[PDB]
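Below: coords_21.txt (compact mmCIF, N, CA and C atoms)
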```txt
# COMPACT_ATOMS: atom_id res chain seq x y z
N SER J 1 -12.91 14.42 21.64
CA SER J 1 -13.44 13.60 22.76
C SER J 1 -12.45 13.45 23.94
N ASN J 2 -11.36 12.67 23.79
CA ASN J 2 -10.46 12.36 24.93
C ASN J 2 -8.94 12.35 24.64
N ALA J 3 -8.15 11.94 25.64
CA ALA J 3 -6.70 11.88 25.49
C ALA J 3 -6.30 10.99 24.28
N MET J 4 -6.95 9.84 24.13
CA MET J 4 -6.62 8.91 23.07
C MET J 4 -7.05 9.47 21.70
N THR J 5 -8.27 9.98 21.62
CA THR J 5 -8.76 10.45 20.32
C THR J 5 -7.98 11.70 19.83
N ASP J 6 -7.52 12.55 20.73
CA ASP J 6 -6.64 13.63 20.35
C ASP J 6 -5.29 13.13 19.92
N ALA J 7 -4.74 12.17 20.68
CA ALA J 7 -3.47 11.52 20.33
C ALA J 7 -3.54 10.93 18.91
N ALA J 8 -4.65 10.31 18.57
CA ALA J 8 -4.80 9.72 17.27
C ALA J 8 -4.73 10.77 16.18
N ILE J 9 -5.43 11.87 16.39
CA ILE J 9 -5.40 12.95 15.42
C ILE J 9 -3.97 13.47 15.21
N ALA J 10 -3.17 13.57 16.27
CA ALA J 10 -1.82 14.08 16.19
C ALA J 10 -1.00 13.12 15.31
N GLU J 11 -1.16 11.82 15.48
CA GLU J 11 -0.53 10.87 14.57
C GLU J 11 -0.98 11.01 13.10
N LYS J 12 -2.26 11.28 12.89
CA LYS J 12 -2.78 11.52 11.54
C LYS J 12 -2.06 12.71 10.90
N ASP J 13 -1.87 13.74 11.68
CA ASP J 13 -1.22 14.96 11.17
C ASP J 13 0.24 14.64 10.77
N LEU J 14 0.89 13.77 11.54
CA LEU J 14 2.24 13.32 11.21
C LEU J 14 2.19 12.48 9.93
N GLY J 15 1.22 11.60 9.86
CA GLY J 15 1.02 10.85 8.59
C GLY J 15 0.82 11.75 7.34
N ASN J 16 0.02 12.82 7.48
CA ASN J 16 -0.25 13.74 6.39
C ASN J 16 1.05 14.41 5.99
N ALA J 17 1.90 14.76 6.93
CA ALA J 17 3.16 15.44 6.58
C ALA J 17 4.10 14.52 5.76
N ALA J 18 4.16 13.24 6.12
CA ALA J 18 4.90 12.25 5.32
C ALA J 18 4.22 12.09 3.94
N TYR J 19 2.90 12.00 3.94
CA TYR J 19 2.14 11.78 2.72
C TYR J 19 2.38 12.88 1.74
N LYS J 20 2.45 14.10 2.26
CA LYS J 20 2.71 15.29 1.45
C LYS J 20 4.10 15.29 0.80
N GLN J 21 5.04 14.57 1.38
CA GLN J 21 6.40 14.48 0.78
C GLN J 21 6.57 13.22 -0.06
N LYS J 22 5.48 12.49 -0.23
CA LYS J 22 5.52 11.24 -0.95
C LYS J 22 6.38 10.22 -0.25
N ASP J 23 6.41 10.30 1.08
CA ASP J 23 7.03 9.29 1.85
C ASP J 23 5.93 8.36 2.30
N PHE J 24 5.56 7.45 1.42
CA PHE J 24 4.39 6.62 1.70
C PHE J 24 4.54 5.62 2.85
N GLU J 25 5.73 5.06 3.02
CA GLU J 25 6.01 4.13 4.13
C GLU J 25 5.76 4.76 5.50
N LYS J 26 6.32 5.94 5.70
CA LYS J 26 6.20 6.71 6.94
C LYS J 26 4.73 7.15 7.14
N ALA J 27 4.04 7.45 6.05
CA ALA J 27 2.62 7.87 6.12
C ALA J 27 1.82 6.75 6.72
N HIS J 28 2.03 5.53 6.19
CA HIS J 28 1.36 4.34 6.73
C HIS J 28 1.66 4.09 8.22
N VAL J 29 2.93 4.23 8.61
CA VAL J 29 3.39 4.05 10.03
C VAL J 29 2.52 4.89 10.99
N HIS J 30 2.41 6.16 10.66
CA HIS J 30 1.65 7.08 11.44
C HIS J 30 0.16 6.87 11.40
N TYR J 31 -0.40 6.59 10.21
CA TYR J 31 -1.85 6.36 10.11
C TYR J 31 -2.19 5.10 10.86
N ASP J 32 -1.29 4.13 10.84
CA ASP J 32 -1.50 2.87 11.59
C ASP J 32 -1.51 3.13 13.08
N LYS J 33 -0.60 4.00 13.50
CA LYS J 33 -0.56 4.47 14.89
C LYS J 33 -1.87 5.20 15.25
N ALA J 34 -2.38 5.99 14.31
CA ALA J 34 -3.68 6.66 14.54
C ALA J 34 -4.81 5.66 14.81
N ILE J 35 -4.87 4.62 13.97
CA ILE J 35 -5.87 3.59 14.09
C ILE J 35 -5.69 2.79 15.37
N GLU J 36 -4.45 2.56 15.76
CA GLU J 36 -4.18 1.92 17.05
C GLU J 36 -4.76 2.71 18.23
N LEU J 37 -4.61 4.03 18.20
CA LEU J 37 -5.11 4.93 19.25
C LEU J 37 -6.63 5.12 19.23
N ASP J 38 -7.21 5.17 18.03
CA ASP J 38 -8.64 5.44 17.85
C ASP J 38 -9.09 4.80 16.53
N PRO J 39 -9.46 3.53 16.61
CA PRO J 39 -9.99 2.80 15.45
C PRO J 39 -11.40 3.20 15.01
N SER J 40 -12.06 4.12 15.69
CA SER J 40 -13.41 4.55 15.39
C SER J 40 -13.47 5.76 14.47
N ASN J 41 -12.32 6.27 14.06
CA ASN J 41 -12.27 7.50 13.23
C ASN J 41 -12.07 7.19 11.73
N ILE J 42 -13.14 7.39 10.98
CA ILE J 42 -13.15 7.13 9.53
C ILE J 42 -12.00 7.81 8.77
N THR J 43 -11.62 9.01 9.17
CA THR J 43 -10.60 9.78 8.46
C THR J 43 -9.31 8.94 8.27
N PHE J 44 -8.98 8.11 9.24
CA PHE J 44 -7.68 7.38 9.17
C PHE J 44 -7.72 6.32 8.07
N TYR J 45 -8.89 5.69 7.94
CA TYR J 45 -9.12 4.65 6.92
C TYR J 45 -9.16 5.22 5.52
N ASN J 46 -9.75 6.40 5.38
CA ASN J 46 -9.74 7.07 4.12
C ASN J 46 -8.33 7.55 3.80
N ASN J 47 -7.57 8.06 4.80
CA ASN J 47 -6.22 8.57 4.47
C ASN J 47 -5.32 7.40 4.09
N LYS J 48 -5.44 6.24 4.73
CA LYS J 48 -4.66 5.09 4.33
C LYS J 48 -5.00 4.60 2.90
N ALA J 49 -6.28 4.65 2.56
CA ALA J 49 -6.75 4.34 1.20
C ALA J 49 -6.13 5.23 0.15
N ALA J 50 -6.05 6.52 0.46
CA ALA J 50 -5.45 7.48 -0.42
C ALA J 50 -3.97 7.20 -0.65
N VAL J 51 -3.25 6.83 0.39
CA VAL J 51 -1.86 6.44 0.24
C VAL J 51 -1.75 5.22 -0.66
N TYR J 52 -2.54 4.17 -0.38
CA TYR J 52 -2.50 2.96 -1.20
C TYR J 52 -2.78 3.24 -2.66
N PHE J 53 -3.71 4.13 -2.95
CA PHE J 53 -4.05 4.46 -4.30
C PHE J 53 -2.86 5.10 -5.02
N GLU J 54 -2.16 6.02 -4.35
CA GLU J 54 -0.96 6.66 -4.97
C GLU J 54 0.17 5.69 -5.15
N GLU J 55 0.25 4.65 -4.31
CA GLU J 55 1.22 3.56 -4.43
C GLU J 55 0.88 2.54 -5.50
N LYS J 56 -0.30 2.68 -6.09
CA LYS J 56 -0.86 1.73 -7.04
C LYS J 56 -1.17 0.36 -6.40
N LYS J 57 -1.38 0.37 -5.09
CA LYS J 57 -1.87 -0.81 -4.36
C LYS J 57 -3.38 -0.71 -4.38
N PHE J 58 -4.00 -0.99 -5.52
CA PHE J 58 -5.41 -0.67 -5.65
C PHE J 58 -6.30 -1.64 -4.85
N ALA J 59 -5.86 -2.88 -4.73
CA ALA J 59 -6.66 -3.87 -3.93
C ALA J 59 -6.63 -3.49 -2.46
N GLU J 60 -5.46 -3.04 -1.97
CA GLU J 60 -5.39 -2.56 -0.57
C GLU J 60 -6.22 -1.27 -0.34
N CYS J 61 -6.20 -0.36 -1.31
CA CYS J 61 -7.04 0.84 -1.29
C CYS J 61 -8.50 0.46 -1.07
N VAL J 62 -9.00 -0.45 -1.91
CA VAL J 62 -10.37 -0.94 -1.80
C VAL J 62 -10.64 -1.48 -0.42
N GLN J 63 -9.70 -2.26 0.12
CA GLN J 63 -9.86 -2.88 1.44
C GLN J 63 -10.03 -1.82 2.51
N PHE J 64 -9.30 -0.75 2.41
CA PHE J 64 -9.46 0.31 3.38
C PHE J 64 -10.70 1.17 3.18
N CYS J 65 -11.18 1.27 1.93
CA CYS J 65 -12.45 1.91 1.66
C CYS J 65 -13.56 1.12 2.31
N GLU J 66 -13.45 -0.16 2.24
CA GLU J 66 -14.46 -1.05 2.82
C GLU J 66 -14.49 -0.88 4.36
N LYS J 67 -13.31 -0.86 4.95
CA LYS J 67 -13.15 -0.50 6.37
C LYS J 67 -13.78 0.90 6.71
N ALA J 68 -13.51 1.93 5.91
CA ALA J 68 -14.08 3.24 6.16
C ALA J 68 -15.60 3.20 6.20
N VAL J 69 -16.19 2.51 5.24
CA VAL J 69 -17.63 2.41 5.15
C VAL J 69 -18.16 1.71 6.39
N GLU J 70 -17.56 0.62 6.79
CA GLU J 70 -18.04 -0.15 7.94
C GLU J 70 -17.96 0.69 9.23
N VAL J 71 -16.79 1.29 9.43
CA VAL J 71 -16.52 2.14 10.56
C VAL J 71 -17.42 3.37 10.56
N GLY J 72 -17.58 3.99 9.40
CA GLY J 72 -18.40 5.18 9.23
C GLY J 72 -19.83 4.90 9.61
N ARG J 73 -20.32 3.72 9.23
CA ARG J 73 -21.71 3.35 9.55
C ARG J 73 -21.87 3.03 11.00
N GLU J 74 -20.89 2.32 11.57
CA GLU J 74 -20.99 1.87 12.98
C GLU J 74 -20.98 3.10 13.87
N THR J 75 -20.17 4.10 13.51
CA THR J 75 -19.94 5.25 14.35
C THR J 75 -20.84 6.44 13.98
N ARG J 76 -21.70 6.26 12.98
CA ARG J 76 -22.59 7.31 12.51
C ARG J 76 -21.79 8.51 12.07
N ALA J 77 -20.67 8.27 11.42
CA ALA J 77 -19.88 9.36 10.85
C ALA J 77 -20.63 10.13 9.72
N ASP J 78 -20.05 11.27 9.33
CA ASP J 78 -20.64 12.09 8.32
C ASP J 78 -20.77 11.22 7.06
N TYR J 79 -22.02 11.05 6.62
CA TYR J 79 -22.31 10.20 5.46
C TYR J 79 -21.56 10.65 4.19
N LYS J 80 -21.21 11.94 4.10
CA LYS J 80 -20.42 12.45 2.95
C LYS J 80 -19.03 11.83 2.85
N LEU J 81 -18.45 11.50 3.99
CA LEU J 81 -17.11 10.87 4.08
C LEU J 81 -17.22 9.38 3.78
N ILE J 82 -18.36 8.78 4.09
CA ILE J 82 -18.65 7.43 3.62
C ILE J 82 -18.82 7.41 2.07
N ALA J 83 -19.51 8.40 1.48
CA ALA J 83 -19.60 8.53 0.02
C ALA J 83 -18.23 8.64 -0.63
N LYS J 84 -17.34 9.46 -0.05
CA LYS J 84 -15.96 9.60 -0.55
C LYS J 84 -15.24 8.26 -0.56
N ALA J 85 -15.40 7.42 0.47
CA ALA J 85 -14.76 6.13 0.51
C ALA J 85 -15.25 5.30 -0.66
N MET J 86 -16.56 5.37 -0.89
CA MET J 86 -17.20 4.61 -1.96
C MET J 86 -16.69 4.99 -3.36
N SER J 87 -16.56 6.28 -3.66
CA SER J 87 -16.06 6.71 -4.94
C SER J 87 -14.59 6.34 -5.09
N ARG J 88 -13.84 6.44 -3.98
CA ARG J 88 -12.41 6.08 -4.04
C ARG J 88 -12.27 4.62 -4.41
N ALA J 89 -13.07 3.77 -3.76
CA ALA J 89 -13.12 2.39 -4.12
C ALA J 89 -13.46 2.16 -5.60
N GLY J 90 -14.41 2.93 -6.14
CA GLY J 90 -14.77 2.81 -7.52
C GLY J 90 -13.61 3.11 -8.44
N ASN J 91 -12.92 4.22 -8.15
CA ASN J 91 -11.74 4.54 -8.87
C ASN J 91 -10.60 3.48 -8.81
N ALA J 92 -10.37 2.91 -7.63
CA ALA J 92 -9.41 1.84 -7.46
C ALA J 92 -9.77 0.61 -8.30
N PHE J 93 -11.06 0.29 -8.40
CA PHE J 93 -11.55 -0.74 -9.29
C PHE J 93 -11.38 -0.44 -10.76
N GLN J 94 -11.63 0.78 -11.17
CA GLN J 94 -11.28 1.16 -12.53
C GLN J 94 -9.80 0.94 -12.86
N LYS J 95 -8.94 1.25 -11.92
CA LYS J 95 -7.53 1.10 -12.13
C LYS J 95 -7.10 -0.37 -12.21
N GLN J 96 -7.93 -1.26 -11.70
CA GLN J 96 -7.78 -2.69 -11.84
C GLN J 96 -8.48 -3.25 -13.07
N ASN J 97 -8.96 -2.38 -13.98
CA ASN J 97 -9.72 -2.79 -15.17
C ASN J 97 -10.99 -3.59 -14.83
N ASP J 98 -11.61 -3.25 -13.71
CA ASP J 98 -12.80 -4.01 -13.23
C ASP J 98 -13.98 -3.05 -13.23
N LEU J 99 -14.61 -2.93 -14.40
CA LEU J 99 -15.70 -1.96 -14.55
C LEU J 99 -16.89 -2.40 -13.76
N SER J 100 -17.12 -3.71 -13.72
CA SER J 100 -18.30 -4.20 -13.04
C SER J 100 -18.34 -3.71 -11.56
N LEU J 101 -17.23 -3.96 -10.89
CA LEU J 101 -17.05 -3.58 -9.47
C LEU J 101 -16.96 -2.05 -9.32
N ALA J 102 -16.28 -1.37 -10.25
CA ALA J 102 -16.18 0.07 -10.23
C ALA J 102 -17.56 0.65 -10.21
N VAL J 103 -18.40 0.26 -11.18
CA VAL J 103 -19.76 0.80 -11.29
C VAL J 103 -20.63 0.40 -10.06
N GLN J 104 -20.45 -0.78 -9.53
CA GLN J 104 -21.19 -1.15 -8.27
C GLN J 104 -20.88 -0.10 -7.18
N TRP J 105 -19.60 0.28 -7.06
CA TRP J 105 -19.17 1.15 -5.99
C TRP J 105 -19.63 2.60 -6.25
N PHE J 106 -19.53 3.04 -7.50
CA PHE J 106 -19.93 4.38 -7.88
C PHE J 106 -21.44 4.60 -7.62
N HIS J 107 -22.26 3.63 -7.97
CA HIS J 107 -23.66 3.68 -7.65
C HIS J 107 -23.97 3.73 -6.17
N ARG J 108 -23.29 2.90 -5.34
CA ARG J 108 -23.27 3.10 -3.87
C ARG J 108 -22.92 4.50 -3.43
N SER J 109 -21.86 5.05 -4.02
CA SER J 109 -21.42 6.29 -3.62
C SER J 109 -22.45 7.37 -3.93
N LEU J 110 -23.04 7.33 -5.12
CA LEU J 110 -23.99 8.33 -5.51
C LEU J 110 -25.24 8.27 -4.66
N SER J 111 -25.60 7.08 -4.27
CA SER J 111 -26.80 6.92 -3.42
C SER J 111 -26.49 7.45 -2.02
N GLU J 112 -25.26 7.33 -1.58
CA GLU J 112 -24.86 7.89 -0.29
C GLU J 112 -24.87 9.47 -0.30
N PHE J 113 -24.31 10.02 -1.36
CA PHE J 113 -24.21 11.48 -1.51
C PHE J 113 -24.13 11.80 -3.01
N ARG J 114 -25.09 12.58 -3.51
CA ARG J 114 -25.19 12.81 -4.96
C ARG J 114 -24.07 13.75 -5.43
N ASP J 115 -23.00 13.22 -5.98
CA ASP J 115 -21.92 14.04 -6.52
C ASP J 115 -22.26 14.34 -7.99
N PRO J 116 -22.50 15.61 -8.34
CA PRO J 116 -22.98 15.85 -9.71
C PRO J 116 -22.02 15.37 -10.83
N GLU J 117 -20.73 15.54 -10.66
CA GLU J 117 -19.73 15.11 -11.64
C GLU J 117 -19.73 13.58 -11.77
N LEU J 118 -19.86 12.90 -10.66
CA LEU J 118 -19.86 11.42 -10.70
C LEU J 118 -21.08 10.91 -11.41
N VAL J 119 -22.22 11.59 -11.26
CA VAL J 119 -23.43 11.17 -11.98
C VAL J 119 -23.16 11.09 -13.46
N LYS J 120 -22.43 12.09 -13.96
CA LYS J 120 -22.14 12.16 -15.38
C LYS J 120 -21.13 11.09 -15.79
N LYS J 121 -20.12 10.94 -14.95
CA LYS J 121 -19.08 9.93 -15.14
C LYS J 121 -19.67 8.51 -15.23
N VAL J 122 -20.61 8.19 -14.35
CA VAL J 122 -21.23 6.86 -14.35
C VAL J 122 -22.10 6.60 -15.58
N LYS J 123 -22.87 7.61 -15.99
CA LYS J 123 -23.63 7.49 -17.23
C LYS J 123 -22.67 7.18 -18.40
N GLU J 124 -21.53 7.89 -18.49
CA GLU J 124 -20.54 7.65 -19.53
C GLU J 124 -20.01 6.25 -19.46
N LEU J 125 -19.75 5.75 -18.27
CA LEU J 125 -19.20 4.39 -18.10
C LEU J 125 -20.21 3.30 -18.44
N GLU J 126 -21.49 3.62 -18.30
CA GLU J 126 -22.54 2.66 -18.62
C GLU J 126 -22.99 2.72 -20.10
N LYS J 127 -22.55 3.73 -20.86
CA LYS J 127 -22.88 3.84 -22.31
C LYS J 127 -22.58 2.56 -23.08
```
As structure tokens, how would this structure be written, given the file I've shared?
Amino acid sequence: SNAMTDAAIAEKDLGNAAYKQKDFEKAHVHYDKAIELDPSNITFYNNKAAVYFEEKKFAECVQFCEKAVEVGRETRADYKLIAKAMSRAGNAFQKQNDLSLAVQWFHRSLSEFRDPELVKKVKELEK
């Protein structure tokens, strides 16, 4: 789109390079800068969620998944990337030993985009 939205992407790319080295602090710095430049881009919220998940900050991961979903809907982003946020949230809830919330999110995710592996995973979790 514009000078700002390109600038944001460039910060995301810097965040990914830190993320790839497991420098999670620096990854957040850059993704935060991305969101500062262009808060309408779902990718930044999902990438921050992914960092939080690897840090075992599962409640923060969920919070950013929730942001991705809200942003994704407001901006009419690719519904598949909204589904990804939803499954990530489900996984973060599993890691918190919260099956109830995990399954709520997984069902959201499947309704957003039918992931064949997740369908099987959810049936197993509901056994």
| task | Select, from J:95, J:88, J:67, J:120, the residue with the minimum atom-to-atom distance to residue J:108, counting only C-alpha atoms. | result | J:88
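If all atoms listed in the file are the atoms counted, then among J:41, J:125, J:102, J:6 the closest residue to residue J:71 is J:41.
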| If you measure from atom C of residue J:122 to atom C of residue J:109, what distance in Å do you get, rounded to one decimal? | 11.7 Å
| task | Compile the contact shell of residue J:26 as an MDAnalysis selection string: residues with an atom at most 7 Å away, counting all atoms listed in the file, same-chain residues fewer than 6 positions apart removed. | result | chainID J and resid 14:15 18:19
| When DSSP works through the backbone of this structure, what residues of stretch 67-119 of chain J end up as helix (DSSP H, G or I), shown as JSON, numbers by chain? | {"J": [67, 68, 69, 70, 71, 72, 73, 74, 79, 80, 81, 82, 83, 84, 85, 86, 87, 88, 89, 90, 91, 92, 93, 94, 95, 99, 100, 101, 102, 103, 104, 105, 106, 107, 108, 109, 110, 111, 112, 116, 117, 118, 119]}
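The space between atom C of residue J:87 and atom N of residue J:75 spans 19.5 Å.
Counting from atom CA of residue J:124, the distance to atom CA of residue J:103 is 10.7 Å.
Proximity ranking of J:65, J:59, J:118, J:82 relative to residue J:96 places J:59 first, based on only N, CA and C atoms.
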| remark: Using only C-alpha atoms, the best pick from J:52, J:40, J:101, J:45 as closest to residue J:76 would be J:40
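Remark: for residue J:73, the closest of the candidate residues J:35, J:93, J:42, J:48 is J:42 (distances computed over only C-alpha atoms).
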Hey, can I get the axis-aligned box for stretch 13-29 of chain J? All listed atoms, 6 Å padding on each side, centre and edge lengths in Å to one decimal, as JSON.
```
{"center_x": 2.6, "center_y": 9.7, "center_z": 5.4, "size_x": 20.9, "size_y": 23.4, "size_z": 24.6}
```
Model the absent atoms of stretch 66-91 of chain J so that N, CA, C and O atoms are present, and write the result as a short mmCIF file (atom, residue, chain, number, x, y, z; two decimals), in the frame of the given file.
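New file out.cif:
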```cif
data_model
loop_
_atom_site.label_atom_id
_atom_site.label_comp_id
_atom_site.auth_asym_id
_atom_site.auth_seq_id
_atom_site.Cartn_x
_atom_site.Cartn_y
_atom_site.Cartn_z
N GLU J 66 -13.45 -0.16 2.24
CA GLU J 66 -14.46 -1.05 2.82
C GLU J 66 -14.49 -0.88 4.36
O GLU J 66 -15.57 -0.84 5.02
N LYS J 67 -13.31 -0.86 4.95
CA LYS J 67 -13.15 -0.50 6.37
C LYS J 67 -13.78 0.90 6.71
O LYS J 67 -14.56 0.99 7.63
N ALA J 68 -13.51 1.93 5.91
CA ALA J 68 -14.08 3.24 6.16
C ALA J 68 -15.60 3.20 6.20
O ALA J 68 -16.22 3.80 7.05
N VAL J 69 -16.19 2.51 5.24
CA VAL J 69 -17.63 2.41 5.15
C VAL J 69 -18.16 1.71 6.39
O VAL J 69 -19.15 2.20 6.99
N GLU J 70 -17.56 0.62 6.79
CA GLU J 70 -18.04 -0.15 7.94
C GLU J 70 -17.96 0.69 9.23
O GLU J 70 -18.92 0.79 10.02
N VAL J 71 -16.79 1.29 9.43
CA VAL J 71 -16.52 2.14 10.56
C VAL J 71 -17.42 3.37 10.56
O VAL J 71 -17.91 3.79 11.63
N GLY J 72 -17.58 3.99 9.40
CA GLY J 72 -18.40 5.18 9.23
C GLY J 72 -19.83 4.90 9.61
O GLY J 72 -20.48 5.71 10.29
N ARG J 73 -20.32 3.72 9.23
CA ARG J 73 -21.71 3.35 9.55
C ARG J 73 -21.87 3.03 11.00
O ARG J 73 -22.88 3.37 11.58
N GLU J 74 -20.89 2.32 11.57
CA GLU J 74 -20.99 1.87 12.98
C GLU J 74 -20.98 3.10 13.87
O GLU J 74 -21.73 3.17 14.85
N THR J 75 -20.17 4.10 13.51
CA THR J 75 -19.94 5.25 14.35
C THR J 75 -20.84 6.44 13.98
O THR J 75 -20.75 7.51 14.60
N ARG J 76 -21.70 6.26 12.98
CA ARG J 76 -22.59 7.31 12.51
C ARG J 76 -21.79 8.51 12.07
O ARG J 76 -22.18 9.65 12.33
N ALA J 77 -20.67 8.27 11.42
CA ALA J 77 -19.88 9.36 10.85
C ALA J 77 -20.63 10.13 9.72
O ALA J 77 -21.65 9.71 9.17
N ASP J 78 -20.05 11.27 9.33
CA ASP J 78 -20.64 12.09 8.32
C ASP J 78 -20.77 11.22 7.06
O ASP J 78 -19.78 10.66 6.55
N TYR J 79 -22.02 11.05 6.62
CA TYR J 79 -22.31 10.20 5.46
C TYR J 79 -21.56 10.65 4.19
O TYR J 79 -21.32 9.83 3.31
N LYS J 80 -21.21 11.94 4.10
CA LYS J 80 -20.42 12.45 2.95
C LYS J 80 -19.03 11.83 2.85
O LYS J 80 -18.51 11.63 1.77
N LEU J 81 -18.45 11.50 3.99
CA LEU J 81 -17.11 10.87 4.08
C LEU J 81 -17.22 9.38 3.78
O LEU J 81 -16.29 8.75 3.28
N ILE J 82 -18.36 8.78 4.09
CA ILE J 82 -18.65 7.43 3.62
C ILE J 82 -18.82 7.41 2.07
O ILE J 82 -18.26 6.54 1.40
N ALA J 83 -19.51 8.40 1.48
CA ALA J 83 -19.60 8.53 0.02
C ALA J 83 -18.23 8.64 -0.63
O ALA J 83 -17.99 8.02 -1.69
N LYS J 84 -17.34 9.46 -0.05
CA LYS J 84 -15.96 9.60 -0.55
C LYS J 84 -15.24 8.26 -0.56
O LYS J 84 -14.57 7.99 -1.55
N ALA J 85 -15.40 7.42 0.47
CA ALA J 85 -14.76 6.13 0.51
C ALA J 85 -15.25 5.30 -0.66
O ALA J 85 -14.46 4.59 -1.29
N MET J 86 -16.56 5.37 -0.89
CA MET J 86 -17.20 4.61 -1.96
C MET J 86 -16.69 4.99 -3.36
O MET J 86 -16.34 4.12 -4.15
N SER J 87 -16.56 6.28 -3.66
CA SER J 87 -16.06 6.71 -4.94
C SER J 87 -14.59 6.34 -5.09
O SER J 87 -14.14 6.02 -6.20
N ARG J 88 -13.84 6.44 -3.98
CA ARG J 88 -12.41 6.08 -4.04
C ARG J 88 -12.27 4.62 -4.41
O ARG J 88 -11.43 4.24 -5.24
N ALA J 89 -13.07 3.77 -3.76
CA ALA J 89 -13.12 2.39 -4.12
C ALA J 89 -13.46 2.16 -5.60
O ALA J 89 -12.88 1.25 -6.20
N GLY J 90 -14.41 2.93 -6.14
CA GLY J 90 -14.77 2.81 -7.52
C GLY J 90 -13.61 3.11 -8.44
O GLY J 90 -13.33 2.39 -9.39
N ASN J 91 -12.92 4.22 -8.15
CA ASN J 91 -11.74 4.54 -8.87
C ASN J 91 -10.60 3.48 -8.81
O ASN J 91 -9.95 3.19 -9.83
#
```
